[PDB]
């Protein structure tokens, strides 16, 4: 019939006094069963612990025993309450976690964190109102938001951005979060929160120079390198991967999209086009892609790649032979000698015409006029068809005439013949 109630603190030395049952004169007392935790003094009815009890280790902190008497037996039901100490701290599921905000997230964007638990009874358990940022928030970019579940079961913690995150200034934060329990000596737990700031494509590529400049000889072979451009992009990953391109796609140059090297793809020709002022673009691989631009001035350098040519001009122009009457006075123009060389005066040097046989009798002469590249072929002496009816004059023309040995420019040359019949 009778029932008594004792309490004992956990974590106490073996042999701690639990309680003493209310005895009756002339009885002794034993436990009805052997108990792992307790033992009874049979003459006093005092109950003692046999080991150090861990309340967190028990299936139940209420234990039910039955004390039995000697003599004519009666039973005594005992209830032992194992009382809790605040000997566990609040703990997080992981000592450290990682969370991510996008740079240029709006003020008030949040991301969820972990909450703590505590293995003591609820009155020594986590105070879910106490979560606090204690280190790492020097810049004042963050605050905590706590949500206590209205049903009384548990809580949720969130980290809230106050806006103004810029990955290119601060890509990483490390916050320390402290939570308290509610126990006699207050205990604390801690969570390290690593904050990654995720990159957006907010920076465009930028060329190292806004004006490039290259010089290229017109005989540069295909595949040869012309000018290397390079841009930088202050973002990360794909957002800063740059592809280069020329704006005008109809030139004889070529831009490798990944290296920014401009090479020659089609043969150049100074005589056709001396210089190309081109716009180069650099484009990142972000979505919203962004673009930078620069200017590139490629001047071609003239090469001596054209022979000088001599043409004769004379009065049956539809014929391949000139004619001169035997009666023509000394000084009569018989033909013009015009030189054409498509290169520029730099690559050409001096151009000179020289007579290569045919005029052994000195009946004609070749005379430079006062106009560049035109000579006159005149009658120099009396003629008569009976002695000589025809002549064949051969002239050679040459650019870079009189150049010293070891000069950088090789001279080019051609020959031309003019035959002259005498009429009467």
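Positions refer to the first chain, counted from 1.
Of the two segments, 371-379 and 354-362, the one listed with the higher mean B-factor is 354-362 (C-alpha atoms only). The mean Cα B-factor in the deposited entry runs higher for 342-350 than for the other of 125-133 and 342-350.
You'll see in the entry that, of 191, 139, 294, 242, the Cα B factor peaks at 139. When the Cα B-factors of 98, 89, 282, 317 are read from the PDB record, 317 comes out highest. Ranked by Cα temperature factor within the chain, residue 392 sits in the highest third according to the deposited record. Ranked against the other modelled residues of its chain, the C-alpha B-factor of residue 46 as given in the entry falls in the lowest third. The deposited CA B-factor of residue 68 belongs to the lowest third of values across its chain.
Split the chain's modelled residues into thirds by C-alpha temperature factor. Residue 384 is in the highest one.
Per the deposited record, the Cα B-factor of residue 211 falls in the highest third when ranked against the other modelled residues of its chain.
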